[PDB]
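Contents: one structure, followed by commentary.
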Amino acid sequence: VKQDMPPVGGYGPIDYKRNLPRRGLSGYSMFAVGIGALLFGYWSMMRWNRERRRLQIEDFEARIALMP
Amino acid sequence: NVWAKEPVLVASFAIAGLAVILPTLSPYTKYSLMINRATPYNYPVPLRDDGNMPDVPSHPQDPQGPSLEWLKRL
């Protein structure tokens with residue numbers, strides 16, 4: 001017998017495609033969810049700032065009543 | 001159109017135009033004026049009684065003068 005290195009009856013194929021998934025969101029959906037979380041942060045920001053101004057006015061009234 | 005040419009310029013002019021025009025529509029600028037005017041810094045001075053005003057309440061507890069109640073009611 002002979003003992004070279006042949007391929008055994010043929011081998012499987014190997015791909016040659018530029019395999020790209022291009023996944024992720026679109027323009028509109030990513031854009032809208034970013035602006036939506038932005039507006040959520042704005043609303044909570046507005047609420048905290050106006051309640052904070054209430055308390056800071058109370059601090060002003062403390063210094064007024066303390067002064068003379 | 002120009003949306004592919006210089007898109008950051010288009011978004012910049014868009015947010016700039018709304019930042020210019022958008023203060024014309026507000027139910028809140030009067031609230032801003034009331035907040036930023038009615039915050040006391042200096043001392044609220046007293047004054048002479050005998051002008052005979054149906055105003056200027058003699059007691060700080062007395063609500064006869066102009067005050068705020070929309071503050072705690074947001």
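Residues are referred to by chain and number: the chain letter is A, B, ... according to the order shown in the structure tokens, the number counts from 1 in that chain, and ligands are numbered separately from 1 in the order shown.
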
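For chain A, the residues having at least one atom no farther than 10 Å from chain B, when counting only C-alpha atoms, are residues 47, 50, 51, 53, 54, 56, 57, 58, 60, 61, 63, 64, 65, 67 and 68 of chain A.
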
Resulting file, chosen residues, N, CA and C atoms, as a PDB file, in the first residue's frame:
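And here is the file that came out, result_39.pdb:
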```pdb
ATOM      1  N   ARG A  47     -39.580  69.578  38.064  1.00  0.00           N
ATOM      2  CA  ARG A  47     -40.258  69.329  39.337  1.00  0.00           C
ATOM      3  C   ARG A  47     -39.320  69.553  40.522  1.00  0.00           C
ATOM      4  N   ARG A  50     -38.376  73.356  41.059  1.00  0.00           N
ATOM      5  CA  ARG A  50     -39.360  74.263  41.649  1.00  0.00           C
ATOM      6  C   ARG A  50     -39.628  73.942  43.122  1.00  0.00           C
ATOM      7  N   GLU A  51     -39.576  72.657  43.504  1.00  0.00           N
ATOM      8  CA  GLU A  51     -39.691  72.343  44.932  1.00  0.00           C
ATOM      9  C   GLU A  51     -38.465  72.818  45.713  1.00  0.00           C
ATOM     10  N   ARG A  53     -36.748  75.515  44.915  1.00  0.00           N
ATOM     11  CA  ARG A  53     -36.941  76.951  45.077  1.00  0.00           C
ATOM     12  C   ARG A  53     -37.873  77.268  46.233  1.00  0.00           C
ATOM     13  N   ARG A  54     -38.904  76.434  46.443  1.00  0.00           N
ATOM     14  CA  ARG A  54     -39.759  76.581  47.627  1.00  0.00           C
ATOM     15  C   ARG A  54     -38.941  76.527  48.916  1.00  0.00           C
ATOM     16  N   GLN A  56     -35.724  77.014  49.263  1.00  0.00           N
ATOM     17  CA  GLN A  56     -34.738  78.082  49.351  1.00  0.00           C
ATOM     18  C   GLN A  56     -35.400  79.402  49.740  1.00  0.00           C
ATOM     19  N   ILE A  57     -36.663  79.597  49.344  1.00  0.00           N
ATOM     20  CA  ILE A  57     -37.442  80.736  49.835  1.00  0.00           C
ATOM     21  C   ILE A  57     -37.667  80.627  51.339  1.00  0.00           C
ATOM     22  N   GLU A  58     -37.878  79.403  51.841  1.00  0.00           N
ATOM     23  CA  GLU A  58     -37.983  79.224  53.295  1.00  0.00           C
ATOM     24  C   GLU A  58     -36.686  79.608  54.006  1.00  0.00           C
ATOM     25  N   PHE A  60     -34.556  81.911  52.896  1.00  0.00           N
ATOM     26  CA  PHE A  60     -34.612  83.370  52.870  1.00  0.00           C
ATOM     27  C   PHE A  60     -35.462  83.928  53.999  1.00  0.00           C
ATOM     28  N   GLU A  61     -36.608  83.304  54.257  1.00  0.00           N
ATOM     29  CA  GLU A  61     -37.473  83.797  55.320  1.00  0.00           C
ATOM     30  C   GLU A  61     -36.836  83.606  56.686  1.00  0.00           C
ATOM     31  N   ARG A  63     -33.545  83.893  57.229  1.00  0.00           N
ATOM     32  CA  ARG A  63     -32.600  84.993  57.448  1.00  0.00           C
ATOM     33  C   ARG A  63     -33.314  86.321  57.660  1.00  0.00           C
ATOM     34  N   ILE A  64     -34.501  86.493  57.073  1.00  0.00           N
ATOM     35  CA  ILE A  64     -35.267  87.716  57.305  1.00  0.00           C
ATOM     36  C   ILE A  64     -35.684  87.815  58.761  1.00  0.00           C
ATOM     37  N   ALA A  65     -36.297  86.754  59.286  1.00  0.00           N
ATOM     38  CA  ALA A  65     -36.780  86.786  60.660  1.00  0.00           C
ATOM     39  C   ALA A  65     -35.650  86.795  61.674  1.00  0.00           C
ATOM     40  N   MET A  67     -32.812  88.616  61.483  1.00  0.00           N
ATOM     41  CA  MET A  67     -31.819  89.686  61.345  1.00  0.00           C
ATOM     42  C   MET A  67     -31.778  90.739  62.460  1.00  0.00           C
ATOM     43  N   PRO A  68     -32.886  91.396  62.875  1.00  0.00           N
ATOM     44  CA  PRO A  68     -32.733  92.643  63.658  1.00  0.00           C
ATOM     45  C   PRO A  68     -32.132  92.459  65.037  1.00  0.00           C
TER      46      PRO A  68
END
```

So which residues of segment 11-63 of chain A fall under helix (DSSP H, G or I) by DSSP, listed as a compact mmCIF listing (two decimals) with C-alpha atoms, in the first residue's frame?
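The result, written out as part-v6.txt:
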```txt
# COMPACT_ATOMS: atom_id res chain seq x y z
CA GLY A 27 -32.76 56.15 12.81
CA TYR A 28 -36.32 56.98 13.88
CA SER A 29 -36.56 54.54 16.79
CA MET A 30 -33.18 55.33 18.37
CA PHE A 31 -33.80 59.05 17.78
CA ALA A 32 -37.24 58.91 19.42
CA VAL A 33 -36.16 56.88 22.45
CA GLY A 34 -33.24 59.25 23.06
CA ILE A 35 -35.47 62.32 22.86
CA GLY A 36 -38.07 60.58 25.03
CA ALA A 37 -35.63 59.87 27.85
CA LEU A 38 -34.39 63.45 27.39
CA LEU A 39 -37.90 64.83 27.92
CA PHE A 40 -38.41 62.51 30.91
CA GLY A 41 -35.28 63.97 32.48
CA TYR A 42 -36.54 67.48 31.71
CA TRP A 43 -39.87 66.92 33.45
CA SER A 44 -38.28 65.46 36.58
CA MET A 45 -35.70 68.27 36.52
CA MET A 46 -38.43 70.93 36.40
CA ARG A 47 -40.26 69.33 39.34
CA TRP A 48 -37.18 69.10 41.57
CA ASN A 49 -36.05 72.64 40.76
CA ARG A 50 -39.36 74.26 41.65
CA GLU A 51 -39.69 72.34 44.93
CA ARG A 52 -36.08 73.30 45.66
CA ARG A 53 -36.94 76.95 45.08
CA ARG A 54 -39.76 76.58 47.63
CA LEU A 55 -37.27 75.39 50.24
CA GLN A 56 -34.74 78.08 49.35
CA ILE A 57 -37.44 80.74 49.83
CA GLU A 58 -37.98 79.22 53.29
CA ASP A 59 -34.26 79.73 53.94
CA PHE A 60 -34.61 83.37 52.87
CA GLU A 61 -37.47 83.80 55.32
CA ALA A 62 -35.26 82.35 58.05
CA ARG A 63 -32.60 84.99 57.45
```

d(atom CA of residue 27 of chain B, atom CA of residue 65 of chain B) in Å: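 Atom CA of residue 65 of chain B lies 25.3 Å from atom CA of residue 27 of chain B.
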